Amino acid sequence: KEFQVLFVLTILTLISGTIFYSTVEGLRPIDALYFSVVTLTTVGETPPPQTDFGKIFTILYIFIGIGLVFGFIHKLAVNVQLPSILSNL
């Protein structure tokens, strides 16, 4: 249930960026999904937003979304991917 909710809370957040950048920044959804994924995960290998609105949202989106996104990657890591290898080794 914890991995379920972190997973849902993440998808929704990603869905929200995707709708946002693909409307406001004019990205195709796949590129907007990617800009959301690499921004929240802090990879950051894209150019920055071009509209001021996309800039203000990216700031709010990063503060709100990073903690949830990293929360999932953490619970994903230690509660789903690890045991698999760990019991197996």
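Residues carry their position along the shown sequence, with the first being 1. By rigid core we mean the largest C-alpha set that fits within 1.5 Å across both forms.
Once the structures in 9 other deposited structures of this protein are superposed via the core, the pair 21-29 and 73-81 is resolved in favour of 73-81 as the more displaced stretch (C-alpha RMS).
For 10-18 versus 63-71, the mean Cα distance to the shown form in 9 other deposited structures of this protein after rigid core alignment is larger for 63-71. Averaged over CA atoms, B-factors in the entry run higher in 70-78 than in the other of 70-78 and 11-19. In this entry, 23-31 has the higher mean Cα B-factor, the comparison being between 23-31 and 41-49.
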